[PDB]
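Okay, protein-v6.cif is below, mmCIF, C-alpha atoms:
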```cif
data_data
loop_
_atom_site.label_atom_id
_atom_site.label_comp_id
_atom_site.auth_asym_id
_atom_site.auth_seq_id
_atom_site.Cartn_x
_atom_site.Cartn_y
_atom_site.Cartn_z
CA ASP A 1 -7.92 -0.22 -14.34
CA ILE A 2 -8.15 -0.29 -10.52
CA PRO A 3 -10.11 -3.47 -9.68
CA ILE A 4 -12.00 -2.22 -6.63
CA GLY A 5 -13.07 -5.02 -4.32
CA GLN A 6 -11.03 -7.78 -5.95
CA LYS A 7 -9.05 -9.68 -3.33
CA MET A 8 -5.47 -10.51 -4.24
CA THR A 9 -2.97 -12.77 -2.56
CA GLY A 10 0.46 -11.36 -2.11
CA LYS A 11 3.11 -10.21 0.29
CA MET A 12 3.79 -7.18 2.40
CA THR A 13 6.94 -5.39 3.44
CA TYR A 14 7.24 -2.04 5.14
CA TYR A 15 9.13 1.20 4.71
CA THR A 16 9.98 4.31 6.74
CA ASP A 17 10.30 7.20 4.26
CA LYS A 18 9.54 10.72 5.44
CA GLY A 19 8.97 13.31 2.74
CA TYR A 20 6.59 13.46 -0.23
CA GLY A 21 5.13 10.30 -1.70
CA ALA A 22 4.41 9.67 -5.36
CA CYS A 23 0.99 11.23 -4.84
CA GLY A 24 2.75 14.50 -4.02
CA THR A 25 1.56 14.71 -0.43
CA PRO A 26 3.61 14.77 2.79
CA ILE A 27 4.09 11.34 4.35
CA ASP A 28 5.83 9.96 7.42
CA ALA A 29 5.74 6.18 7.11
CA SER A 30 7.06 5.74 10.66
CA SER A 31 3.98 7.39 12.16
CA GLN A 32 1.16 7.24 9.58
CA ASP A 33 -0.95 4.41 8.17
CA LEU A 34 -0.50 4.27 4.40
CA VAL A 35 0.54 1.99 1.57
CA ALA A 36 2.90 2.20 -1.40
CA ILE A 37 1.30 0.43 -4.38
CA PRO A 38 3.37 -1.53 -6.95
CA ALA A 39 4.27 0.37 -10.10
CA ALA A 40 2.28 -1.97 -12.36
CA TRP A 41 -0.96 -0.35 -11.12
CA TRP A 42 0.06 3.23 -11.95
CA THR A 43 -1.30 4.64 -15.21
CA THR A 44 -0.92 8.38 -15.57
CA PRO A 45 2.35 9.80 -16.92
CA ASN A 46 2.37 12.23 -13.97
CA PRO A 47 2.14 10.19 -10.73
CA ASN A 48 0.55 13.00 -8.69
CA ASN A 49 -2.39 12.80 -11.12
CA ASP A 50 -2.89 9.06 -10.82
CA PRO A 51 -6.40 7.86 -9.89
CA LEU A 52 -4.67 5.78 -7.19
CA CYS A 53 -4.16 9.08 -5.36
CA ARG A 54 -7.84 10.12 -5.28
CA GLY A 55 -9.85 8.39 -2.58
CA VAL A 56 -8.33 4.92 -2.98
CA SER A 57 -7.36 2.83 0.04
CA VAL A 58 -6.46 -0.78 0.55
CA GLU A 59 -7.86 -3.29 2.97
CA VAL A 60 -5.09 -5.64 4.08
CA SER A 61 -5.78 -8.91 5.88
CA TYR A 62 -3.30 -11.12 7.66
CA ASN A 63 -3.76 -13.69 10.41
CA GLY A 64 -7.43 -12.82 10.88
CA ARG A 65 -6.96 -9.05 11.24
CA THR A 66 -7.88 -6.45 8.63
CA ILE A 67 -6.78 -2.81 8.45
CA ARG A 68 -7.66 -0.08 5.95
CA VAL A 69 -5.02 2.42 4.86
CA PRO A 70 -4.81 5.10 2.17
CA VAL A 71 -2.76 4.78 -0.99
CA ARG A 72 -0.15 7.54 -0.74
CA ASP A 73 2.91 6.29 -2.59
CA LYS A 74 4.35 4.10 -5.34
CA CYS A 75 6.64 1.09 -4.86
CA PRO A 76 8.80 0.89 -8.03
CA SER A 77 10.51 -2.35 -7.00
CA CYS A 78 7.38 -4.22 -5.90
CA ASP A 79 5.89 -6.93 -8.06
CA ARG A 80 2.19 -6.85 -8.86
CA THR A 81 0.76 -8.16 -5.57
CA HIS A 82 3.57 -7.02 -3.24
CA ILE A 83 2.50 -4.00 -1.18
CA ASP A 84 4.90 -1.84 0.83
CA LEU A 85 3.01 -0.69 3.91
CA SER A 86 4.17 2.09 6.13
CA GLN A 87 6.06 0.78 9.15
CA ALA A 88 3.19 2.11 11.26
CA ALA A 89 0.55 0.13 9.36
CA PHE A 90 2.62 -3.06 9.07
CA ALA A 91 3.11 -3.22 12.84
CA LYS A 92 -0.66 -3.41 13.30
CA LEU A 93 -0.71 -6.73 11.41
CA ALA A 94 2.65 -8.37 12.09
CA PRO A 95 5.84 -7.91 14.12
CA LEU A 96 8.29 -5.52 12.52
CA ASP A 97 11.16 -7.90 13.14
CA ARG A 98 9.58 -10.41 10.73
CA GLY A 99 10.48 -8.08 7.84
CA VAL A 100 8.43 -9.64 5.04
CA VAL A 101 5.15 -11.51 5.31
CA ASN A 102 3.99 -13.74 2.49
CA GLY A 103 0.43 -14.88 2.18
CA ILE A 104 -1.48 -11.70 2.98
CA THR A 105 -4.62 -10.73 1.15
CA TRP A 106 -5.39 -7.21 0.02
CA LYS A 107 -7.81 -5.29 -2.16
CA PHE A 108 -8.28 -1.78 -3.42
CA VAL A 109 -11.29 -0.04 -1.86
CA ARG A 110 -13.05 3.31 -2.05
#
```
Would you kindly transcribe this structure into structure tokens?
Amino acid sequence: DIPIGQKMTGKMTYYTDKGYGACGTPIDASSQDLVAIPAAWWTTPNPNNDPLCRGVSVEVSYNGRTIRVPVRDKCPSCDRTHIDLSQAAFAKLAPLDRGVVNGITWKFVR
């Protein structure tokens, strides 16, 4: 299930896709705050119908700052605690030229 409120340690990368995410909604990761959630959390056989797509966000903390962004996409290559933030969201927490940041904390929220 989706463990709302449970903090996890992991890593964050970012991506820049523009199109439709796995939730079936239009996304522009260069200009919108959102997150792609690792595949291990997805449950429904049709991704547009996943509960991750209905009112679920994440709160991501790094270096004393926390942001809150909606789940809009799936990261098939991400391990369990590796989130792929939009470029726009990632830049609010860390410099884009860092590329990957280990040691973030994140949790699903509603």
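With all atoms listed in the file as the basis for measurement, A:31 is the residue among A:48, A:77, A:102, A:31 that approaches residue 17 of chain A most closely.
Closest approach to residue 86 of chain A from the set A:109, A:69, A:23, A:104 is made by A:69, with distances taken over all atoms listed in the file.
Counting from atom CA of residue 53 of chain A, the distance to atom CA of residue 98 of chain A is 28.8 Å.
Rounded to one decimal, atom CA of residue 10 of chain A and atom CA of residue 105 of chain A lie 6.1 Å from each other.
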Next on the checklist: Residue by residue, what does the PyMOL selection byres ((chain A and resi 88) around 6) grab here? Present the result as a ChimeraX atom specification.
Outcome noted: /A:30-33,86-87,89-91
Next on the checklist: Here's the selection I'm unsure about, the PyMOL selection byres ((chain A and resi 42) around 10); applied to the file above, which residues does it give, as a PyMOL selection string?
Outcome noted: chain A and resi 1-2+37-41+43-47+49-53+74-76
Checklist entry - With distances taken over all atoms listed in the file, which of A:84, A:73, A:59, A:28 is nearest to residue 6 of chain A? => result A:59
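Under the PyMOL selection byres ((chain A and resi 7) around 6), the matching residues in the shown file are residues 6, 8, 106 and 107 of chain A.
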Checklist entry - Could you work out how far atom CA of residue 65 of chain A lies from atom CA of residue 22 of chain A, giving the answer in Å with one decimal? => result 27.5 Å
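Closest approach to residue 85 of chain A from the set A:60, A:67, A:35, A:101 is made by A:35, with distances taken over all atoms listed in the file.
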Next on the checklist: Considering only C-alpha atoms, can you say which of A:96, A:71, A:12, A:36 comes closest to residue 58 of chain A?
Outcome noted: A:71
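Candidate residues A:19, A:5, A:103, A:24 were compared for distance to residue 64 of chain A, and the nearest is A:103, using only C-alpha atoms.
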Working from the structure I just supplied, which lacks atoms in segment 27-59 of chain A, can you model N, CA and C atoms there and output them as a PDB file, keeping the file's coordinate frame?
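Output (selection-v3.pdb):
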```pdb
ATOM      1  N   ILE A  27       4.269  12.615   3.672  1.00  0.00           N
ATOM      2  CA  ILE A  27       4.090  11.340   4.350  1.00  0.00           C
ATOM      3  C   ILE A  27       5.197  11.161   5.378  1.00  0.00           C
ATOM      4  N   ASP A  28       4.861  10.439   6.438  1.00  0.00           N
ATOM      5  CA  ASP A  28       5.830   9.960   7.420  1.00  0.00           C
ATOM      6  C   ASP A  28       5.451   8.515   7.691  1.00  0.00           C
ATOM      7  N   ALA A  29       6.129   7.584   7.016  1.00  0.00           N
ATOM      8  CA  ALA A  29       5.740   6.180   7.110  1.00  0.00           C
ATOM      9  C   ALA A  29       6.053   5.568   8.473  1.00  0.00           C
ATOM     10  N   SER A  30       6.850   6.236   9.311  1.00  0.00           N
ATOM     11  CA  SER A  30       7.060   5.740  10.660  1.00  0.00           C
ATOM     12  C   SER A  30       5.894   6.019  11.591  1.00  0.00           C
ATOM     13  N   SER A  31       5.045   6.989  11.258  1.00  0.00           N
ATOM     14  CA  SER A  31       3.980   7.390  12.160  1.00  0.00           C
ATOM     15  C   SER A  31       2.606   7.492  11.512  1.00  0.00           C
ATOM     16  N   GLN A  32       2.454   7.137  10.237  1.00  0.00           N
ATOM     17  CA  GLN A  32       1.160   7.240   9.580  1.00  0.00           C
ATOM     18  C   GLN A  32       0.827   5.931   8.894  1.00  0.00           C
ATOM     19  N   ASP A  33      -0.454   5.562   8.933  1.00  0.00           N
ATOM     20  CA  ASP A  33      -0.950   4.410   8.170  1.00  0.00           C
ATOM     21  C   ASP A  33      -1.068   4.790   6.700  1.00  0.00           C
ATOM     22  N   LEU A  34      -0.380   4.049   5.835  1.00  0.00           N
ATOM     23  CA  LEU A  34      -0.500   4.270   4.400  1.00  0.00           C
ATOM     24  C   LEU A  34       0.106   3.075   3.687  1.00  0.00           C
ATOM     25  N   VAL A  35      -0.056   3.047   2.368  1.00  0.00           N
ATOM     26  CA  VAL A  35       0.540   1.990   1.570  1.00  0.00           C
ATOM     27  C   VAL A  35       1.172   2.591   0.318  1.00  0.00           C
ATOM     28  N   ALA A  36       2.282   1.979  -0.097  1.00  0.00           N
ATOM     29  CA  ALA A  36       2.900   2.200  -1.400  1.00  0.00           C
ATOM     30  C   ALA A  36       2.506   1.049  -2.316  1.00  0.00           C
ATOM     31  N   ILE A  37       1.892   1.384  -3.445  1.00  0.00           N
ATOM     32  CA  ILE A  37       1.300   0.430  -4.380  1.00  0.00           C
ATOM     33  C   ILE A  37       2.293   0.105  -5.497  1.00  0.00           C
ATOM     34  N   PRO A  38       2.428  -1.165  -5.886  1.00  0.00           N
ATOM     35  CA  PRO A  38       3.370  -1.530  -6.950  1.00  0.00           C
ATOM     36  C   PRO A  38       3.161  -0.747  -8.238  1.00  0.00           C
ATOM     37  N   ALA A  39       4.280  -0.503  -8.935  1.00  0.00           N
ATOM     38  CA  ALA A  39       4.270   0.370 -10.100  1.00  0.00           C
ATOM     39  C   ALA A  39       3.339  -0.126 -11.195  1.00  0.00           C
ATOM     40  N   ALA A  40       3.091  -1.435 -11.270  1.00  0.00           N
ATOM     41  CA  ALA A  40       2.280  -1.970 -12.360  1.00  0.00           C
ATOM     42  C   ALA A  40       0.836  -1.463 -12.333  1.00  0.00           C
ATOM     43  N   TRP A  41       0.389  -0.877 -11.222  1.00  0.00           N
ATOM     44  CA  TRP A  41      -0.960  -0.350 -11.120  1.00  0.00           C
ATOM     45  C   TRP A  41      -1.066   1.116 -11.495  1.00  0.00           C
ATOM     46  N   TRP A  42       0.064   1.804 -11.660  1.00  0.00           N
ATOM     47  CA  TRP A  42       0.060   3.230 -11.950  1.00  0.00           C
ATOM     48  C   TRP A  42      -0.103   3.443 -13.453  1.00  0.00           C
ATOM     49  N   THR A  43      -0.891   4.464 -13.817  1.00  0.00           N
ATOM     50  CA  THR A  43      -1.300   4.640 -15.210  1.00  0.00           C
ATOM     51  C   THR A  43      -0.977   6.013 -15.775  1.00  0.00           C
ATOM     52  N   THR A  44      -1.088   7.065 -14.978  1.00  0.00           N
ATOM     53  CA  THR A  44      -0.920   8.380 -15.570  1.00  0.00           C
ATOM     54  C   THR A  44       0.563   8.708 -15.721  1.00  0.00           C
ATOM     55  N   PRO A  45       0.930   9.477 -16.750  1.00  0.00           N
ATOM     56  CA  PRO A  45       2.350   9.800 -16.920  1.00  0.00           C
ATOM     57  C   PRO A  45       2.878  10.705 -15.823  1.00  0.00           C
ATOM     58  N   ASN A  46       1.998  11.416 -15.122  1.00  0.00           N
ATOM     59  CA  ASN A  46       2.370  12.230 -13.970  1.00  0.00           C
ATOM     60  C   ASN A  46       1.824  11.557 -12.720  1.00  0.00           C
ATOM     61  N   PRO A  47       2.668  11.028 -11.826  1.00  0.00           N
ATOM     62  CA  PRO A  47       2.140  10.190 -10.730  1.00  0.00           C
ATOM     63  C   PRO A  47       1.225  10.943  -9.780  1.00  0.00           C
ATOM     64  N   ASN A  48       1.429  12.253  -9.599  1.00  0.00           N
ATOM     65  CA  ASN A  48       0.550  13.000  -8.690  1.00  0.00           C
ATOM     66  C   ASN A  48      -0.877  13.063  -9.207  1.00  0.00           C
ATOM     67  N   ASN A  49      -1.078  12.787 -10.493  1.00  0.00           N
ATOM     68  CA  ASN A  49      -2.390  12.800 -11.120  1.00  0.00           C
ATOM     69  C   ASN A  49      -2.980  11.405 -11.267  1.00  0.00           C
ATOM     70  N   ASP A  50      -2.383  10.406 -10.631  1.00  0.00           N
ATOM     71  CA  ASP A  50      -2.890   9.060 -10.820  1.00  0.00           C
ATOM     72  C   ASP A  50      -4.204   8.868 -10.067  1.00  0.00           C
ATOM     73  N   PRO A  51      -5.165   8.143 -10.642  1.00  0.00           N
ATOM     74  CA  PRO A  51      -6.400   7.860  -9.890  1.00  0.00           C
ATOM     75  C   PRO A  51      -6.146   7.113  -8.591  1.00  0.00           C
ATOM     76  N   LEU A  52      -5.016   6.406  -8.461  1.00  0.00           N
ATOM     77  CA  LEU A  52      -4.670   5.780  -7.190  1.00  0.00           C
ATOM     78  C   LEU A  52      -4.567   6.779  -6.054  1.00  0.00           C
ATOM     79  N   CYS A  53      -4.357   8.050  -6.365  1.00  0.00           N
ATOM     80  CA  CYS A  53      -4.160   9.080  -5.360  1.00  0.00           C
ATOM     81  C   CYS A  53      -5.452   9.763  -4.934  1.00  0.00           C
ATOM     82  N   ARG A  54      -6.591   9.389  -5.506  1.00  0.00           N
ATOM     83  CA  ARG A  54      -7.840  10.120  -5.280  1.00  0.00           C
ATOM     84  C   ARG A  54      -8.880   9.194  -4.643  1.00  0.00           C
ATOM     85  N   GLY A  55      -8.836   9.105  -3.318  1.00  0.00           N
ATOM     86  CA  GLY A  55      -9.850   8.390  -2.580  1.00  0.00           C
ATOM     87  C   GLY A  55      -9.717   6.885  -2.590  1.00  0.00           C
ATOM     88  N   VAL A  56      -8.550   6.359  -2.943  1.00  0.00           N
ATOM     89  CA  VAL A  56      -8.330   4.920  -2.980  1.00  0.00           C
ATOM     90  C   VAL A  56      -7.557   4.508  -1.734  1.00  0.00           C
ATOM     91  N   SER A  57      -8.032   3.465  -1.078  1.00  0.00           N
ATOM     92  CA  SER A  57      -7.360   2.830   0.040  1.00  0.00           C
ATOM     93  C   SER A  57      -7.160   1.357  -0.288  1.00  0.00           C
ATOM     94  N   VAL A  58      -6.468   0.667   0.598  1.00  0.00           N
ATOM     95  CA  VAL A  58      -6.460  -0.780   0.550  1.00  0.00           C
ATOM     96  C   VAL A  58      -6.971  -1.309   1.870  1.00  0.00           C
ATOM     97  N   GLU A  59      -7.565  -2.483   1.801  1.00  0.00           N
ATOM     98  CA  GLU A  59      -7.860  -3.290   2.970  1.00  0.00           C
ATOM     99  C   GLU A  59      -6.915  -4.470   2.929  1.00  0.00           C
TER     100      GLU A  59
END
```
